[PDB]
Protein chains: 36
Amino acid sequence: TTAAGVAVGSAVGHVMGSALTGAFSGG
Amino acid sequence: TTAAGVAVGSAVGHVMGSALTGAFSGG
Amino acid sequence: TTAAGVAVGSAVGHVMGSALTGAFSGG
Amino acid sequence: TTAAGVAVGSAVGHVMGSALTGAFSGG
Amino acid sequence: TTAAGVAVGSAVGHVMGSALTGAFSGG
Amino acid sequence: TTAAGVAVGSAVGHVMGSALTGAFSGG
Amino acid sequence: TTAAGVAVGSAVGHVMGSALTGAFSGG
Amino acid sequence: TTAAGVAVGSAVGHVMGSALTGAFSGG
Amino acid sequence: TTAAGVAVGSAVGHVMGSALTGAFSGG
Amino acid sequence: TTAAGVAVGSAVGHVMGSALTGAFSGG
Amino acid sequence: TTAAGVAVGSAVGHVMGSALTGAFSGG
Amino acid sequence: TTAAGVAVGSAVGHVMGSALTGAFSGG
Amino acid sequence: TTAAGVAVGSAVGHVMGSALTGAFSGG
Amino acid sequence: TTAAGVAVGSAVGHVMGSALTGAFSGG
Amino acid sequence: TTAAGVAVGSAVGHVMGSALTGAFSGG
Amino acid sequence: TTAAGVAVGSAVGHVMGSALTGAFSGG
Amino acid sequence: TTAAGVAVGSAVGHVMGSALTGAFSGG
Amino acid sequence: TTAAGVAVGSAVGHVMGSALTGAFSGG
Amino acid sequence: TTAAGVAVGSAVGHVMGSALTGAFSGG
Amino acid sequence: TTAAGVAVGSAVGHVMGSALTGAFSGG
Amino acid sequence: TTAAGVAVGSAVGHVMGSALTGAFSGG
Amino acid sequence: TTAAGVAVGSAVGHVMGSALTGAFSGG
Amino acid sequence: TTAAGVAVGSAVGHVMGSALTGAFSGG
Amino acid sequence: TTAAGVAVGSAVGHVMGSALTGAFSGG
Amino acid sequence: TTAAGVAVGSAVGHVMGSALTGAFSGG
Amino acid sequence: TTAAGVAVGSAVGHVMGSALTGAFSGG
Amino acid sequence: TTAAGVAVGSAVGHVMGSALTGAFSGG
Amino acid sequence: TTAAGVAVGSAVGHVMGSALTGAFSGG
Amino acid sequence: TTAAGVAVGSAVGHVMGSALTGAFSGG
Amino acid sequence: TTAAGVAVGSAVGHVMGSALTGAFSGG
Amino acid sequence: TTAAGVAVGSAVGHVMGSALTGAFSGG
Amino acid sequence: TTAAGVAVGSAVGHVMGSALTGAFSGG
Amino acid sequence: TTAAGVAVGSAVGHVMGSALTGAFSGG
Amino acid sequence: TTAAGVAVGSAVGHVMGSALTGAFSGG
Amino acid sequence: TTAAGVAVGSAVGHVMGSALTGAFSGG
Amino acid sequence: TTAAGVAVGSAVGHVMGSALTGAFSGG
């Protein structure tokens, strides 16, 4: 299984308690 | 299984308790 | 299993209690 | 299993209690 | 299992209690 | 198992109680 | 198991109670 | 098991109570 | 087991109570 | 004048001869 | 003058000769 | 004049002849 | 004039002849 | 004039003929 | 004029003919 | 004029004909 | 004029014909 | 004019025809 | 099967992601 | 099967990600 | 199977990630 | 199978990550 | 199988990560 | 299988990480 | 299998990490 | 198997980490 | 197996860490 | 005065007594 | 005065008594 | 006055009594 | 006056009584 | 006056009574 | 006046009565 | 006046009555 | 006046009545 | 006047009536 991604949060505000995963590939 | 994606949050406001995954590919 | 990703937080605000993973590949 | 990634936090604000992993590849 | 990554924190603010791992490859 | 990474902290602020590991490869 | 990495702290601020490991390879 | 790394602290600020290991290779 | 590393502290500030090991290779 | 933005390219394909500016604020 | 925006290209195809600006604020 | 931004290229493909500026603030 | 930004290239492909500037602030 | 930024290239591919500037602040 | 930045190249591939400047502050 | 930066090259590949400057501050 | 920086090359590959300057402060 | 820096080459590969200057302060 | 051809791209602009084949002769 | 051809790209602009084959003759 | 060809790139601009084959003759 | 060809890159710009083959003749 | 070719790169710019083969003749 | 070729790099710029083979003839 | 070739690098610039083989003839 | 070749490097610049083989003939 | 070759380095610059073999003939 | 052009002759037939100029710019 | 051009003759036939100039720039 | 060009003759046929100039720049 | 060029003759046929000049720059 | 060029003859046929000049720069 | 060039003859055929000059710089 | 060049003859055929000059610099 | 060059004859065939000068610098 | 050069004849065939001068510097 192949995964490809981009995860971008905010540009000015904060990031609190957040799961920013670019790509997930389970097995 | 192949996955491709882009996940973008806000540009000014915050991101709180959010799961921003670019791509998920389970097995 | 292959994973590729980019995870970017904020540009001005802080990052608090956040899991910024570029790519995850379980086994 | 292969993993590739980039994890970038903030540019101005702090990073507090955060797990910034560029790439994870379980076995 | 192969892992490759880059983990970058802040550029101005501090880094407190954070796990900045460039790449993790479990066995 | 092979691991490759880069871990960079802040450029102006301090680094306090932080685990900056360039690459981890368990056995 | 092979490990390769670079761990860089701050450029202006201090480093306090931090584990800066370039590469870890368990057995 | 092979390990290779570079660990660099600050350039202006101090280093206090910190474990700067270039490379660790357990057995 | 083979280990190779470089550990560099500060360039202006002091180094206090710090374990600067270039490379560790346990047996 | 204040500007805030996020510019994200592709997730799989390349980026060729492109001006990806997150935010522009002329004077 | 204030500007806020998000510009996202493709998710699979390439980006060629394109001006992806998140936000522009002239003076 | 204040500028804040994030510019992210591709996640798998290359970046060729591209001007990736996070934020521009002219004077 | 203040500028803040993040510029991230690819995660797998190369970067050729590209100007990756995190933030530009002219005078 | 103040500038703050982060510039990150690739994680697997090379970087050829590229100007990776974290922050530029002209006078 | 004040400048602060982080410039990181590749993690696996080479760096050829590239100008990696962490921060530039002209006068 | 003040400058602060971090410039990191590759972690596995070579560095050829490259200008890796942590911070530049002209006068 | 004040300059502060860190310049780190590769961790495994060579460094050929490269100008690795930690900080430059012209007059 | 004040300069402070750290310049570190490779950890395994050679250094050939390279100018590794920790800090330069012209007059 | 015989094939003869001439394929010419642009004279001023670039060529991006293009398959310029002078002649193709399948079997 | 016989093939004959000429493939010419640009005269001023670049060539990016392009397959310039003068002649192809499959079997 | 016989193949004959000429493949010419640019005259001023660069050539990035391009497959310039004068002639291909499969079997 | 016979192959004959000429592959010419640029005259002023660089050649990055390109496969310049004068002639290929598979078997 | 017979192969004949000429592969010429640039005349002013560099050649980076490129496979310049005059002629290839597989078996 | 017979191979004949000429591979010429640059005339002014450098050659970095490049495979310049005049002729290859596999068996 | 017979091979004949000429491989020429640069005339002014350097040659770094390059495999300049005049002719290769596998068995 | 017969091999014949000429491998010439630079005329002014250096040769670093390069494999200049005039002719290779495997068995 | 027969091999014949000429390997010539630079005429002005140095030769560092280079394998200059006139001809190699394995068995 | 600026000139840019491409001049291509035949692909199969000969070229006899012909002035093939890519670009002419008189003074 | 600036000139840029590409002049390509035939691919199969001969070139007899022909002036193939890539670019001419008189003074 | 500046000139840049590429002049390529035939790929199979001969070149007889021909003036193949890559670039001419009179004074 | 500046001149830059590439002049390439045939790939299979001969070159007889021909003036192959890469670049000419009169005074 | 500056001149830069590459002049390449044939790859299989002979060179008879030919003036192959890489670059000419009159005074 | 500066001159730089590369002149390469044939790879298989002979060179008879030919003036192969790499670079000429008159005075 | 400065001259730099490389002149290479054949790789298999002979060289008869030929003036192979690497660089000429008249006075 | 400065001259630098490399002159290489054949690799298999003879050299008869030939003037192989690496560099000439008249006065 | 300064001269530097390398003159190499054949590797297998003879050298008859030939003037092999590494460097000539007239007065």
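Data block above holds the structure.
Attention here is on the structure that accompanies the text. (Residues numbered from 1 in each chain as written, not as in the entry; some residues may be left out. Chains lettered and ligands numbered in written order. Heavy atoms only, no water.)

**Notes on the interface of chain U and chain V**
The accessible area lost on association of the parts is a frequent measure of interface size.
Line of reasoning, step 1. Facing the 27 residues of chain U at the interface are 27 residues of chain V.
Line of reasoning, step 2. Carbon and sulfur atoms supply 50% of the area that chain U and chain V bury against each other, a total of about 1,800 Å² over both sides.
Line of reasoning, step 3. One can count zero salt bridges joining chain U with chain V.
Line of reasoning, step 4. Applying the counting rule to chain U against chain V returns 30 residue pairs in polar contact.
Line of reasoning, step 5. Looking at the side of chain U that touches chain V, the elements that each hand over two or more residues are β1 (2-8), β2 (15-16), β3 (19-21) and β4 (24-25) of chain U. (Contact = heavy atoms within 4.5 Å. Buried area = accessible area lost by both parts, 1.4 Å probe. Salt bridge = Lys/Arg side-chain N within 4 Å of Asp/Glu carboxyl O. Polar contact = N/O pair within 3.5 Å; in protein donor to acceptor, adjacent residues only side chain to side chain. Helix = DSSP H or I, 4+ residues; strand = E, 2+ residues; numbered from the N terminus.)

**What about the sheet that holds strand β1 (residues 2-8) of chain K?**
Line of reasoning, step 1. Judged by pairing direction, the sheet is parallel, and its nine strands sit side by side in the order β1(K)-β1(J)-β1(L)-β1(M)-β1(N)-β1(O)-β1(P)-β1(Q)-β1(R) without closing on themselves. Two strands lie at the open edges of the sheet, namely β1 of chain K together with β1 (2-8) of chain R, each paired on one side alone. Strand-to-strand twist across the sheet, computed as the mean angle between neighbouring axes with direction ignored, equals 0°.
Line of reasoning, step 2. Pairing of strand β1 (residues 2-8) of chain N with strand β1 (residues 2-8) of chain O involves seven bridges; the strand directions are parallel. (Pairing = 2+ DSSP bridges. Axes fitted to C-alpha atoms, helices over the stretch in contact; angles between N-to-C directions.)

**Quick look at the packing of aromatic side chains**
Line of reasoning, step 1. With the rule as written, the count across this model stands at 32 aromatic pairs over all chains.
Line of reasoning, step 2. Measuring from ring centre to ring centre gives 4.7 Å for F24(V) and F24(W), while their planes differ by 0°; the resulting arrangement is stacked. Of this pair, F24(V) sits in strand β4 (residues 24-25) while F24(W) sits in strand β4 (residues 24-25), on two different chains.
Line of reasoning, step 3. Overall, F24(V) belongs to the partly exposed group, its relative accessible area being 23%. (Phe/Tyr/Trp six-rings, centres within 6.5 Å; stacked < 30°, edge-to-face > 60°. Buried < 20%, exposed > 50% of the residue type's maximum accessible area, 1.4 Å probe, protein only.)

**Concerning the interface of chain A and chain J**
Line of reasoning, step 1. At the interface, five residues of chain A touch seven residues of chain J.
Line of reasoning, step 2. Roughly 390 Å² of surface becomes buried between chain A and chain J when both sides are summed, with 84% attributable to carbon and sulfur atoms.
Line of reasoning, step 3. At the boundary of chain A with chain J, the tally comes to zero salt bridges.
Line of reasoning, step 4. Run the count over chain A and chain J and you get zero residue pairs in polar contact.
Line of reasoning, step 5. For the side of chain A that touches chain J, a count of residues per class yields five nonpolar, no polar and no charged. (Nonpolar A, V, L, I, M, F, W, Y, C, P; charged D, E, K, R; others polar.)

**A closer look at the relation of the copies chain A and chain J**
Line of reasoning, step 1. Structural alignment of chain A on chain J gives an RMSD of 0.0 Å, achieved by rotating through 179° and translating 2.7 Å along the axis.
Line of reasoning, step 2. By residue overlap, the copies meet face to face through one surface: 100% of the interface positions of chain A are interface positions in chain J. (Least-squares fit on C-alpha atoms.)

**A closer look at the sheet that holds strand β3 (residues 19-21) of chain S**
Line of reasoning, step 1. Taken in spatial order, the nine strands of this open sheet run β3(S)-β3(T)-β3(U)-β3(V)-β3(W)-β3(X)-β3(Y)-β3(Z)-β3(AA), and their pairing is parallel. Here the strands that pair on one side only, and so sit at the sheet edges, are β3 of chain S together with β3 (19-21) of chain AA. Sheet twist, expressed as the mean angle between neighbouring strand axes with direction ignored, is 0°.
Line of reasoning, step 2. Of the pairings in the sheet, the one linking strand β3 (residues 19-21) of chain Y to strand β3 (residues 19-21) of chain Z comprises three bridges and is parallel in character. Along β3(Z), the bridge assignment pairs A19(Y) with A19(Z).

**Here's the deal with the side chain of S18(Z)**
Line of reasoning, step 1. Examined against the element boundaries, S18(Z) turns out to sit in the loop between β2 (15-16) and β3.
Line of reasoning, step 2. Residue classification places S18(Z) among the buried positions, given a relative accessible area of 2%.
Line of reasoning, step 3. Among the polar contacts listed, one links the side chain of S18(Z) to the backbone oxygen of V15(Y), at a separation of 3.5 Å.
Line of reasoning, step 4. Excluding its chain neighbours within four sequence positions, the residues that come into contact with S18(Z) are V15(Y), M16(Y), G17(Y), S18(Y), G17(AA), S18(AA) and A19(AA).

**Points about the nonpolar core**
Line of reasoning, step 1. With 44 residues, the main nonpolar core has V8(V), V8(Y), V8(AE) and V8(AH) as its most contacted residues.
Line of reasoning, step 2. If sequence neighbours within four positions are ignored, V8(AH) has contacts with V6(Y), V8(Y), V6(Z), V8(Z), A7(AG), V8(AG), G9(AG), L20(AG), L20(AH) and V8(AI).
Line of reasoning, step 3. Membership of the second largest hydrophobic core comes to 43 residues, among which are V8(F), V8(J), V8(L) and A11(Q). (Core = buried A, V, L, I, M, F, W, Y, C linked by side-chain atoms within 4.5 Å.)

**Topic: the environment of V6(L)**
Line of reasoning, step 1. Along the chain, the position of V6(L) falls in strand β1 (residues 2-8).
Line of reasoning, step 2. Measuring from C-alpha to C-alpha, the distance between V6(L) and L20(L) comes to 9.3 Å, with 14 residues separating the pair along the chain.
Line of reasoning, step 3. Leave out the neighbours within four places in its chain, and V6(L) touches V8(A), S10(A), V8(C), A11(C), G5(J), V6(J), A7(J), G22(J), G22(L) and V6(M).

**Looking at the arrangement of the chains**
Line of reasoning, step 1. Structurally, chain B and chain G remain out of contact, their C-alpha atoms never closer than 26 Å.
Line of reasoning, step 2. Across the gap from chain C to chain J, with no contact made, the nearest C-alpha atoms are 8 Å apart.

**Focus: the environment of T1(O)**
Line of reasoning, step 1. If you trace the backbone, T1(O) turns up in the segment before β1.
Line of reasoning, step 2. As a C-alpha pair, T1(O) and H14(O) span 13 residues in sequence and 33 Å in three-dimensional space.
Line of reasoning, step 3. Once you skip the residues sitting within four places of it in the chain, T1(O) turns out to touch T1(N), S25(N), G26(N), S25(O), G26(O), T1(P) and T2(P).
Line of reasoning, step 4. Separated by 3.0 Å, the side chains of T1(O) and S25(O) make a polar contact.
Line of reasoning, step 5. Polar contacts involving the side chain of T1(O) include one to the main-chain carbonyl oxygen of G26(O), which spans 3.4 Å.

**Observations regarding the environment of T21(K)**
Line of reasoning, step 1. In this structure, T21(K) sits in strand β3 (residues 19-21).
Line of reasoning, step 2. A relative accessible area of 32% places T21(K) in the partly exposed class.
Line of reasoning, step 3. Through-space distance from the C-alpha of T21(K) to that of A7(K) is 6.2 Å; in sequence the pair is 14 residues apart.
Line of reasoning, step 4. Discounting residues that sit within four places of it in the chain, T21(K) has contacts with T21(J) and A7(K).

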